[PDB]
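One chain comes next, on its own, written as structure tokens: the form deposited in one PDB entry.
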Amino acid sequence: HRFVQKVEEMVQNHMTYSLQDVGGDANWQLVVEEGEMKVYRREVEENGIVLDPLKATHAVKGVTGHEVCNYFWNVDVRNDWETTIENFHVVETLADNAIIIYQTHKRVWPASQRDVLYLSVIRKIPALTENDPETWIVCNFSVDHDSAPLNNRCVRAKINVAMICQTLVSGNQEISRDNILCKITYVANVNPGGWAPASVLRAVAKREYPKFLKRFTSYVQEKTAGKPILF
């Protein structure tokens, strides 16, 4: 499909940069921590646009990266976990692993409602050799599409989001979910597409990103429990 190059650019970008440790960087703050979940933010505002890069890490017992990415990507289960959208639909299917989605986000007073139009792609990045697990990634990034032009009702946000998952598996007996741990890195770079009250936006992000990570990861745990493990 016509976006194959852009997909590879985004996958490469995230594998090169999004797994780099920000813990030693004075500009990055740990804003929320609960259990194995850590949410970081770097405050960035340019010409009255709040861009605050966000990065979170998590470690989720009993699920694989393939499972986590499938659930994050699969639109059929989206409404079971996502709480920040008013509506969404698939604009176009590009490939078995790549779709273009239009969605509107719930309005947060006093700001105008935002909409977003993004390519969502799920990819397996194999290890150097078969004895190593390596990574599953979902990239959600804004693209242009003639069927979803700008409208006068919503401010068009632009996003670059990735969920990156690595799976740790620890006799001749069957592997148990007790011995699997999924290490998650989640990054979100959102351009709100226009002005917003900075403190209101920042408070919403600080509330909603951890809420999402907790809800979504617990959802994957609930839905995979008892089911055969999809490595």
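Start at 1 with the first residue shown and count on from there. Superpose the two forms; the largest set of C-alphas matching within 1.5 Å is the rigid core.
FYI, the form deposited in another entry isn't displayed, but the following is about it.
Per-residue Cα shift between the shown form and the other one after core alignment stays below 2 Å for all of 150, 125, 95, 90 except 150. Between the C-alpha atoms of residue 131 and residue 176, a gap widened by no less than 3 Å is obtained in the other form, as opposed to the form on display. Distance between the C-alpha atoms of residue 77 and residue 149: shorter in the other form than here (change of 3 Å or more).
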